[PDB]
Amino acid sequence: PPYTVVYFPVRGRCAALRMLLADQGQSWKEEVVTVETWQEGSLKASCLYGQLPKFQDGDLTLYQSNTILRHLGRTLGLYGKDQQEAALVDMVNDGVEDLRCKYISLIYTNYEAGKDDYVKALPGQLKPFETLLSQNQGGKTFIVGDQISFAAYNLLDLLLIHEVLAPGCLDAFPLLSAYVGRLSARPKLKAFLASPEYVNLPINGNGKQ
C-alpha cells in the first residue's frame, strides 16, 4: 500500500480486485482512462502488454488482472492456508479466467449471434464450480478452506455478470447461488457493491451485458 488502479471507467477485469480491496477494508485511488486518453497512445505504450489494468502498490507497478489478484492474495493472505489450499485457489482462478475469456469473447466478438449458444452451454461451465463448492464442508463457507481467497472475489464477479447476462442461470445451482448471497452479505463488500463508485459503472466497455 498505498494502492492505485489504472483502468477504463468500467468494471471488467478490475471488478474482482476492487471487491477484494473493499472487503479487506483497504483503500485505493482510481485513475480513470477515457477512451480518448487511451487513443493518444502514450500510456498504452508505457504498458507491458499494451493493456490495462495497471496497478500500483507502494513502489510496485503491476499489470494483468490475475497478477494483481495473486499479488494481493499473497500479501494480504488470501491465498489459502497451505500448499493444498493454495493449489485449489489457483485451480479455481484458472477456471474463472477460462470462462471469463469466453464471456469476453461473446461480449466483444459476437454478442448477438452467439448469445443463445453461450447461455445454452453456461450450465455445463458453471457445474465445475458448483461441484467444487459441494466438496468443501458442504459449501456452507468458501470454495477453498474456511477463509476467503482472491479467487473467491474473481468467481463472485464471474457469477454476478452471468446473472445479468442470463438472469436465473444460477437457479439450477443452489450452492453457487447461496455463495453469491453469502459473500455479497459481507459488510464491507455489501457497502462497496451498493456504492455509486460501483453501481454507476458499466460492466463492459462496449455497453453490452
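Note that residue numbering follows the sequence shown and begins at 1.
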query: Between 61-69 and 45-53 (mean CA B-factor, as deposited), the higher; finding: 45-53
query: Of 71-79 and 128-136, the stretch whose C-alpha atoms average the higher B-factor in the entry; finding: 128-136
query: Record-listed C-alpha B factor of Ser27: chain third; finding: middle
query: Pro202 by Cα B-factor - lowest, middle or highest third of the modelled chain; finding: middle
query: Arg13 - Cα temperature factor, lowest/middle/highest third of chain; finding: lowest
query: Cα B factor band for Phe142 (lowest, middle or highest third within the chain); finding: highest
query: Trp38 CA temperature factor, ranked by third within the chain; finding: highest
